[PDB]
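The file input_34.pdb contains PDB, C-alpha atoms:
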```pdb
ATOM      1  CA  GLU A   1      -2.007  -6.164  15.823
ATOM      2  CA  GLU A   2      -1.762  -2.361  15.803
ATOM      3  CA  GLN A   3       1.239  -2.600  13.475
ATOM      4  CA  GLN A   4      -0.952  -4.442  10.954
ATOM      5  CA  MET A   5      -3.794  -1.970  11.534
ATOM      6  CA  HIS A   6      -1.388   0.817  10.565
ATOM      7  CA  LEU A   7      -0.516  -1.090   7.382
ATOM      8  CA  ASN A   8      -4.207  -1.553   6.539
ATOM      9  CA  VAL A   9      -4.885   2.157   7.081
ATOM     10  CA  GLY A  10      -1.928   2.979   4.846
ATOM     11  CA  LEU A  11      -3.235   0.628   2.162
ATOM     12  CA  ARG A  12      -6.630   2.348   2.278
ATOM     13  CA  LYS A  13      -4.895   5.731   2.050
ATOM     14  CA  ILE A  14      -2.938   4.526  -0.983
ATOM     15  CA  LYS A  15      -6.245   3.443  -2.537
ATOM     16  CA  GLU A  16      -7.560   6.967  -1.935
ATOM     17  CA  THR A  17      -4.442   8.358  -3.625
ATOM     18  CA  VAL A  18      -5.017   5.995  -6.562
ATOM     19  CA  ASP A  19      -8.570   7.302  -6.907
ATOM     20  CA  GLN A  20      -7.306  10.896  -6.776
ATOM     21  CA  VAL A  21      -4.659  10.251  -9.444
ATOM     22  CA  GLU A  22      -7.156   8.463 -11.698
ATOM     23  CA  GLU A  23      -9.581  11.376 -11.335
ATOM     24  CA  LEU A  24      -6.792  13.809 -12.234
ATOM     25  CA  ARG A  25      -5.953  11.728 -15.315
ATOM     26  CA  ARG A  26      -9.556  11.970 -16.540
ATOM     27  CA  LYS A  27       1.214  15.700 -16.738
ATOM     28  CA  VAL A  28       1.294  12.264 -18.370
ATOM     29  CA  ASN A  29       4.796  11.441 -17.112
ATOM     30  CA  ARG A  30       3.768  12.338 -13.560
ATOM     31  CA  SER A  31       0.799   9.979 -13.896
ATOM     32  CA  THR A  32       3.111   7.201 -15.095
ATOM     33  CA  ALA A  33       5.373   7.816 -12.092
ATOM     34  CA  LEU A  34       2.323   7.595  -9.824
ATOM     35  CA  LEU A  35       1.294   4.269 -11.398
ATOM     36  CA  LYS A  36       4.787   2.814 -11.010
ATOM     37  CA  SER A  37       4.840   3.968  -7.374
ATOM     38  CA  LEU A  38       1.405   2.348  -7.095
ATOM     39  CA  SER A  39       2.778  -0.994  -8.264
ATOM     40  CA  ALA A  40       5.887  -0.804  -6.073
ATOM     41  CA  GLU A  41       3.981   0.181  -2.924
ATOM     42  CA  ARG A  42       1.273  -2.429  -3.506
ATOM     43  CA  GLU A  43       3.870  -5.176  -3.904
ATOM     44  CA  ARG A  44       5.912  -4.094  -0.879
ATOM     45  CA  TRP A  45       2.931  -3.663   1.435
ATOM     46  CA  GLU A  46       1.295  -6.897   0.261
ATOM     47  CA  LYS A  47       4.467  -8.865   0.978
ATOM     48  CA  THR A  48       4.840  -7.057   4.316
ATOM     49  CA  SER A  49       1.282  -8.030   5.269
ATOM     50  CA  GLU A  50       1.975 -11.612   4.179
ATOM     51  CA  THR A  51       5.058 -11.617   6.413
ATOM     52  CA  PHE A  52       3.036 -10.236   9.338
ATOM     53  CA  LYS A  53       0.964 -13.427   9.563
ATOM     54  CA  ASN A  54       4.234 -15.337  10.002
ATOM     55  CA  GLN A  55       5.173 -13.480  13.195
ATOM     56  CA  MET A  56       1.811 -14.350  14.759
ATOM     57  CA  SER A  57       2.660 -17.999  14.091
ATOM     58  CA  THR A  58       6.051 -17.861  15.849
ATOM     59  CA  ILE A  59       5.112 -15.581  18.760
ATOM     60  CA  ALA A  60       4.018 -18.037  21.479
ATOM     61  CA  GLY A  61       7.248 -20.032  21.660
ATOM     62  CA  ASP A  62       9.417 -16.927  21.342
TER      63      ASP A  62
END
```
Please rewrite the model in this file as structure tokens.
Amino acid sequence: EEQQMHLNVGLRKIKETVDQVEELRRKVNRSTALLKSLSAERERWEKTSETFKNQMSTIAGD
């Protein structure tokens, strides 16, 4: 549970970073790098969170 809480806190922190980068946008290449890191991190952490619900399923028998 705490390992998923850490992931949720990290996701919220990444949202804060997204807000900061968007505020800064309002260099261009650095912003594009931040958006691509945004996409990569969102995908990886979303799939990690999806996987986390699988371990809770297979924890009792293990």
Need the axis-aligned box for region 52-56 of chain A with 6 Å each side, so what are the centre and edges in Å to one decimal, as JSON?
```
{"center_x": 3.1, "center_y": -12.8, "center_z": 12.0, "size_x": 16.2, "size_y": 17.1, "size_z": 17.4}
```
Legend entry - Distance query residue 4 (chain A) at most 8 Å, all atoms listed in the file, self and fewer than 4 positions along chain excluded, as a ChimeraX atom specification: /A:8,49,52
Please write the residues picked by the PyMOL selection byres ((chain A and resi 28-40) around 12) on this file as a short mmCIF file (atom, residue, chain, number, x, y, z; two decimals) with C-alpha atoms, keeping the file's coordinate frame.
```
data_model
loop_
_atom_site.label_atom_id
_atom_site.label_comp_id
_atom_site.auth_asym_id
_atom_site.auth_seq_id
_atom_site.Cartn_x
_atom_site.Cartn_y
_atom_site.Cartn_z
CA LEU A 11 -3.24 0.63 2.16
CA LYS A 13 -4.89 5.73 2.05
CA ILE A 14 -2.94 4.53 -0.98
CA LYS A 15 -6.24 3.44 -2.54
CA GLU A 16 -7.56 6.97 -1.94
CA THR A 17 -4.44 8.36 -3.62
CA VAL A 18 -5.02 6.00 -6.56
CA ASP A 19 -8.57 7.30 -6.91
CA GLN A 20 -7.31 10.90 -6.78
CA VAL A 21 -4.66 10.25 -9.44
CA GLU A 22 -7.16 8.46 -11.70
CA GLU A 23 -9.58 11.38 -11.34
CA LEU A 24 -6.79 13.81 -12.23
CA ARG A 25 -5.95 11.73 -15.32
CA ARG A 26 -9.56 11.97 -16.54
CA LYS A 27 1.21 15.70 -16.74
CA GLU A 41 3.98 0.18 -2.92
CA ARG A 42 1.27 -2.43 -3.51
CA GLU A 43 3.87 -5.18 -3.90
CA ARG A 44 5.91 -4.09 -0.88
CA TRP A 45 2.93 -3.66 1.44
CA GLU A 46 1.30 -6.90 0.26
CA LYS A 47 4.47 -8.86 0.98
#
```
Inset, instruction - Rounded to one decimal place, report the CA of residue 54 (chain A)-CA of residue 12 (chain A) distance in Å. - result: 22.1 Å
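Taking CA of residue 5 (chain A) and CA of residue 60 (chain A) as endpoints, the distance between them is 20.4 Å.
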